[PDB]
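Same chain, two forms, each on its own as structure tokens: structure 1, then structure 2.
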Structure 1
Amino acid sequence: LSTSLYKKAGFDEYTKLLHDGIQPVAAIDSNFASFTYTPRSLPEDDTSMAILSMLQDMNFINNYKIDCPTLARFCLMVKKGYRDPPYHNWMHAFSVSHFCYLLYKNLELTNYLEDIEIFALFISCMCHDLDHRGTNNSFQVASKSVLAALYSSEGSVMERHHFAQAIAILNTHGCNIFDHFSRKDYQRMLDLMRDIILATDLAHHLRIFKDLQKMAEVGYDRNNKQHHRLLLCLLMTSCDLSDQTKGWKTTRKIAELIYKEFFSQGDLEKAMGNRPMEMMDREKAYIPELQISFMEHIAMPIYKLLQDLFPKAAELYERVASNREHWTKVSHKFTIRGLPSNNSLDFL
């Protein structure tokens, strides 16, 4: 059960981060603003600077007169706010935030959303899985956790906690990046962060799914407030599952990370005398079939809606579909349940 222990580095580098100023994105990588960039390739120590670089390149620092030392401290607090499970760690939040930046650069989001909405989307991406324990919402309820005691009646247990952790960082002395905003705009930011983070609960996505389809059918209306809110939910889910839009090496490695995390939850449930979900049981789970189901029923419909709303997003949908075909190829040359004994899918 030791593989279920995921530590926090601190409790709920700064001058060093701003010593040479904020780096222009092209200096980080000429491919930084491309859908072919793999943000998980960036060294972890360079991710805080890349966050500042993206906020600078999207002109949020200048447009909102964000204090750079406060932003640097906020970025470091958010990074330190993640534990170290195989998948739900800072590198996942960083990669999700990078995808938000890619949508801004490639889909020209400023023609669909308000500046404040795009800013909130990016901050929400950074914060959206804060303090994740490597377990799902059902586990919180089963383990009778403090998080389930605080939030289980309302659903979205972990997501309500991620939002609460994001707010606690803003409330930390020297970390409130938007404390200069008007009362109306500060409230708008908090409401946006709450809605966007809560949109990462798959149960929420499934409830609003028919409304997202209706919006894609009738066409996006930039004057429709509900369309802005539905679009932010869609974009957030697309950032959260963006590893599926990268190359085969990325989808293969992320299956390794997802199933190492899920199987550790399954082992922990068995230790507690409970029968875990099939996808979390290393003795029952058949990864290629589970991956094909996730891709066909959860990921591909999100990128299909994205393509329906933004023709320039067609390449993302095509890549997700291509990765699904690669998993179908794998299913005719993968004869094991769970992960291999060495916990590696490198042989694929």
Structure 2
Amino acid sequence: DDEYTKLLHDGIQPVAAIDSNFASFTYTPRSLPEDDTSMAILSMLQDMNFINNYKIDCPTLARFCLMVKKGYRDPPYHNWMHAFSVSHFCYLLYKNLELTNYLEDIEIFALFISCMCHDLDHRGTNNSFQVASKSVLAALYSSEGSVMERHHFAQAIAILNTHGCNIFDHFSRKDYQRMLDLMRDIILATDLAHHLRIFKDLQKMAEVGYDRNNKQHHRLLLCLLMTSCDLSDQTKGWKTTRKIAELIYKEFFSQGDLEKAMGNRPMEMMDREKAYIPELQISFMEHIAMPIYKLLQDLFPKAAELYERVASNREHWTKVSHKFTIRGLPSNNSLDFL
């Protein structure tokens, strides 16, 4: 409540005061201290003109931002700093790519709020684990698929439906229904099985050319953009790539350990006794990340540097892999580890 009081009564800090490089593809939002991130979200919403444009109520918006923040747990990767960094990449796409030539204002606003909300209440395990472990979330949503994503979305809606937090409640019935439908489509798009299912449709869009009058093209493009935000850690420097891999694998291997403990054999990527990080990272980059940024470049020539960073981070894993083989003796001069 004291954070609220300051967020409401102090004023929204100019977005340029956050960092000289804040609106650049090269800025690493993970550099921002966590206690500074809710005010940075208000600064970005202001700079995108959404607060004025949609006449969002200030007290309601401050409550909503804090509630969203408080709705993340602290697994190594799927925490509020990941949501905050995804949301920042949305802001980057807006500042560096002329989205307004492709998407409706309301679409762009929904993509940004969906980025804030898209992993709410994640417990550091994936859809497969929900099913295998017979979790309450699979009881609710296993028949439809995308279990966690449905739960993120439901969590977002629960926040809006909390007294004092409905940032859309003055909207017309038509616009409110549109915003919530968009949030559903965008947050369900973050299931990488969904991205893989629509991949051919994305390629076909890129090849024939984006048609702004085509409602299906809008929908495909929001999916690609949301994916591109959710994987944007791979578009920074090598120090970020390396640190994100440490967090992702800590989280995956915790899951693998639970799976072992219930008698299931984990995916190789989830088993700490089998996973070979360089090879796993290179596969993720070649098979998932680079094709996404290449499609982004195809649609938006000014996105080319993102695809180039991902390709360079990929080359970097090949360059360091040799270090994963123990040459000589360990530092302690001991083979006790054997």
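Heads up, when I say rigid core I mean the largest set of C-alphas that superpose within 1.5 Å between the two forms. Counting starts at 1 and follows the sequence of structure 1.
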Check your understanding: Against the rigid core, is the Cα displacement of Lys329 between the two structures at least 2 Å?
Key -> no
Exercise for review: Spell out whether the Cα of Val25 moves at least 2 Å between the two structures when the two forms are superposed on their rigid core.
Suggested key: no
Exercise for review: On a rigid core superposition, how far has the CA of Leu339 moved between the two structures, in Å, if you could check?
Suggested key: 18.3
Practice item. Just grab the Cα shift of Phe181 between the two structures for me, core aligned, in angstrom. Key: 0.5
